[PDB]
Structures are given as structure tokens and as C-alpha cells.
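See structure below.
What follows is calculated from the coordinates using simple rules that are stated; it is not laboratory data. A quick note on method: Cβ atoms are made from the backbone with ideal geometry, for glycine too, and the neighbour counts reach across all protein chains shown.
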Amino acid sequence: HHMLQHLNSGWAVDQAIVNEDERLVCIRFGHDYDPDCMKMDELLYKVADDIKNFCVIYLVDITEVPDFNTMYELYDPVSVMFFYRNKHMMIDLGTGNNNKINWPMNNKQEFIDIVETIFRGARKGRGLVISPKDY
Ligand SMILES: [Cl-]
Ligand SMILES: [Cl-]
Ligand SMILES: [Cl-]
Ligand SMILES: [Cl-]
């Protein structure tokens with residue numbers, strides 16, 4: 001329990017998470033200039049319209065907005081995290097870090113499937129889902 005829209009303050013992040021009752025909130029916490037972050041953002045732009053009925057994506061440059069860097073141990077240049085009704089959703093991706101997707105993905109359908117799985121689990125009141133695919 002806590003163009004794509006950038007969030008420019010810890011207040012704005014809090015607000016985006018706490019105010020959304022219907023959809024999964026996807027936050028990309030990153031060092032925006034890093035190539036891995038840029039790679040992940042291309043993917044987010046490609047899938048955003050496909051998932052807009054069940055998921056809203058926000059971008060946060062953690063060099064500018066560092067407020068959650070200890071809270072979520074944000075050491076990586078890209079960490080995609082998911083929230084439903086103010087609850088941080090876990091995703092067992094087979095990597096042994098269930099808190100975040102912290103590598104650039106480049107398969108559009110694979111990511112969409114992960115977002116859908118998280119949403120569907122969240123809607124059942126689950127705090128953790130097993131990714132449709134082992135990573
Ligand atoms: Cl702001
Ligand atoms: Cl603030
Ligand atoms: Cl609803
Ligand atoms: Cl659960």
C-alpha cells in the first residue's frame with residue numbers, strides 16, 4: 001500500500017496512485033536518458049493505446065523526482081511498477097525480484113499479456129500474480 005504523462009513531483013505520484021479507482025496504474029521509474037530506459041519507453045508508447053481500458057501509464061524521472069527511491073529501492077535505470085487502488089502489485093517473473101520489471105522488454109504482446117494478468121489478479125483482490133511467462 002503506497003504523449004505519455006510525466007509526473008514531476010512526489011505529490012503528483014501520490015495523487016496518480018491514490019485517485020485511480022478503475023484501472024491498473026503503471027509507473028515507469030527511471031533514469032530517462034539511460035538507453036535501457038529509452039528502450040522500455042518505446043515499448044510503453046507502442047502498447048499504451050492497446051491497454052488504455054484497463055491501465056494508465058505514467059513516467060517518472062527518478063533523477064528529478066527522487067521521493068520513492070528508498071521506498072522502492074530504485075537502483076536500476078528502469079523499474080516498471082504496478083499499483084491497483086493504492087496497493088503495490090507483485091509479479092513473479094521468475095527473476096526473484098517480484099516488485100518490478102527492471103529490464104527493458106521489447107516484445108509488445110508479452111508486455112500486454114503481463115499487464116492484463118496483473119489487472120485480472122488485482123481485480124480478484126490478489127497482491128501477487130505469476131507472469132504468463134518465466135523470465
Ligand atoms: Cl507536479
Ligand atoms: Cl512534492
Ligand atoms: Cl471499477
Ligand atoms: Cl495474493
ask   = Can residue 58 be described as assigned to a strand (DSSP E or B) and either within 16 Å of ligand 2 (Cβ to nearest atom) or out of contact with any strand residue (DSSP E or B) (no Cβ under 7 Å at 6 or more places or on another chain) (or both)?
value = yes
message = On the basis of being in contact with a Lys or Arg (Cβ under 9 Å, 6 or more places away or on another chain) and not polar (S, T, N, Q), does residue 45 make the cut?
response = no
ask   = Name the residues in region 1-36 that are loosely packed, with under 15 Cβ neighbours inside 10 Å, within 13 Å of ligand 2 (Cβ to nearest atom) and either in a loop (DSSP other than H, G, I, E, B) or on the phi > 0 side of the Ramachandran plot (or both), would you?
value = 8, 9
